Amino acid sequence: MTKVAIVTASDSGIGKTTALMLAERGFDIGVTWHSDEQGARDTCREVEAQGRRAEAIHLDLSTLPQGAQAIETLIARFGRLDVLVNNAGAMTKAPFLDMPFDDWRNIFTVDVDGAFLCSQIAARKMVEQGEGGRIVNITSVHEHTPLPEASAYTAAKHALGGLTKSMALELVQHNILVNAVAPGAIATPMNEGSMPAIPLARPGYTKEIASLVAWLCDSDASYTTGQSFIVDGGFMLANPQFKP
């Protein structure tokens, strides 16, 4: 009866803050971790401390399609699925001229291939239930504008943005709404005026991004699909004419 949300990489950072906020809104949370399992255990306890069920599982998206079957197992532990938040990994810089081909392919494996497989498994279950669903892909401002010395990261983020539009169009008949949240600079887990290149002059806290993800998963977002919501402190506004 209680709706279920699976938030990948919810052991720390933006994923964990999203899992907490989806638990506040009343979702049972399926937590996923790559290595920091204790961080996932902390997230599960904080979700249970809210009076909601929390399940954790290991999922390694660097090896596909095998590493994506953990979504199937997590769904069976709950018996239903309503929300999938595909969270974004870390960014790696690599100059374009000398980038190894396998490094280029590995970034696509982590930054779009995993989300594609996890969304397929999620979308199938949501089609069976016939009650709709929400799939939110965490991209980046670099879904739209290039990041210097990070051509593969920029291209994979653009690919995930294109997958978001496609998924939203093909699943609209099943009332499965698919959107992307495009964060700008995200403050480190340890963390005013520290980043003057950004118009807001600081990185964003995880709750300033996780809150919009939570809104997209709730009842009132029932007319929003196919879109990429940019939460970036004005990042997209700063062109060469902008002097801080």
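In case it trips you up, residue 1 is the first one in the sequence shown, and so on.
- Going from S35 to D36, the model skips none of the deposited residues; the chain is continuous there.
- In this entry, the higher average B-factor at the C-alpha atoms falls on 5 to 13, of the pair 217 to 225 and 5 to 13.
- When 76 to 84 is weighed against 133 to 141, 76 to 84 comes out higher, by mean CA B-factor as recorded in the entry.
- In this entry, the residue among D98, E149, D103, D113 with the greatest C-alpha B factor is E149.
- You'll see in the entry that, of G184, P199, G30, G51, the Cα B factor peaks at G51.
- Among the modelled residues of its chain, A90 has a C-alpha B-factor that falls in the highest third according to the deposited record.
- In the deposited entry, the Cα temperature factor of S211 sits in the bottom third of values across the chain's modelled residues.
- The PDB entry assigns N191 a C-alpha temperature factor belonging to the highest third of its chain's modelled residues.
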